[PDB]
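One chain comes next, on its own, written as structure tokens: the form deposited in one PDB entry.
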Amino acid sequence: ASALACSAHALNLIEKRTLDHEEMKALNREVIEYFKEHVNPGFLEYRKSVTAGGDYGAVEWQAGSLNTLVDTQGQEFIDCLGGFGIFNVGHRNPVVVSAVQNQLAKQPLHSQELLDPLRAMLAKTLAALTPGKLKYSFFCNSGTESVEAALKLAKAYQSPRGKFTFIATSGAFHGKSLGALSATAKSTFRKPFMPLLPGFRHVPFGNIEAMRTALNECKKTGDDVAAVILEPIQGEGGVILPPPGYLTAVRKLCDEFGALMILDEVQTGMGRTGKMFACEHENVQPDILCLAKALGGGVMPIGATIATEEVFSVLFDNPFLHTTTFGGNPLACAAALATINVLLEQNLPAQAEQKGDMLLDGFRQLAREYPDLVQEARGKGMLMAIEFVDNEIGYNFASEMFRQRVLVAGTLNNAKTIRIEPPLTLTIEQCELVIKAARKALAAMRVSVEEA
């Protein structure tokens, strides 16, 4: 089976707008087959553990509307998954698609030698969009690249000052590339890949005393902390909100020891929590801010690491100290610029507050009626989670919701949690449908427990 042949077959497919029954039967077969053979058979077994019958093999085909996805069988799903935080402004958002299309006609990828205007524009726009002294931007292609950039900026800055240790928090997720993975907290994701970067240590999230104890003990032993890295709200941890004033406290702790504050808003950024950045809630200015996911408007891959001139200036004397081939390419920038405009124009941060208040109320309500299955519902803005009592119940919830054509999924660090992360553009009727389908799934699950 020649490689030309495979590529020609794929090009032929990419060009099909719609599939009929026999085309769908064949594409679904090839995709399951090739997943087993060339991608990961484990992912097939995973889908089985959160669906019922043939739903494991559901193959994603196209955007339906701003907030829906369609599989190869025409089945349309309401998206409460959001690509795990990617689709803040909806699927194929017309303003974003348009911007990308326009730039695609001029030049999608830059030479990396001439001065590329959209890099300059997005960095200007980001400077203005961010708190206080956050002034300089480095663009890359993902969240983990955003965090590697942050760790490196911290390292270049703190190294000549004698500081090499990094503090993160348990529950934290910061990416799976090996530097970012040193900060990431989940044991099962870390252990096979040890030894990781030396001098990374963890303290309980939300616990200012434990953090202070770590910075102070490190000082005593001559292992002074370079930087503290944390999410404002833990995402893959299961949507964990810290106590009030904790972020402000972590900011003061860091100034006190002369440590840098790195804030990872790859997941909480771009309006999802009810404000453009989750740090704007306590009005805290980190030294380095990590952005990705939704920054590309659900159309492009992109990441950005924004810092103070003070810190970022370590990159000035030699601008090749940290580089990236694709980072800040014109297509990625056009997507990011469109997304920032859409967010502001349509006041989507404010909408996420409003829609999130509604949905979490409906979720807390269902939690009360079904403590039979549901432990608790947490959230802020359109970042929410339902924590069930067992692992198996949460898997059954995902399964039942799937049958009702609502797409949800779990959390990387938390086995008992299903997330709810819809596009911020989710319509008021669609929020009603989601609570509706949530109830029905809970009811069906209850009935299954009595059934078994």
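Note that the rigid core is defined as the largest set of C-alphas that superpose within 1.5 Å between two forms. Start at 1 and count along the sequence shown; that's the residue number. Residues that one form lacks are left out of the comparison.
Beyond what is shown, the protein has a form deposited in another entry; the following relates to that form.
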Item checked: Position with Cα shift of 2 Å or more, rigid core superposed between this form and the one not shown, options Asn28, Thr51, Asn391, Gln404 -> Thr51
Next item on the list: Would you say whether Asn414 is displaced between this form and the one not shown, judging by a C-alpha shift of 2 Å or more on the superposed rigid core?
Entry: yes
Item checked: Cα-Cα shift for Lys48 and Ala438, closer or farther in the other form, minimum 3 Å -> closer
Item checked: Shift in CA distance, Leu197 and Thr411, in the other form relative to the form shown here, given it is 3 Å or more -> farther
Item checked: Stretches between this form and the one not shown where the CA atoms of at least 3 consecutive shared residues shift 2 Å or more, core fixed -> 48 to 57, 410 to 415
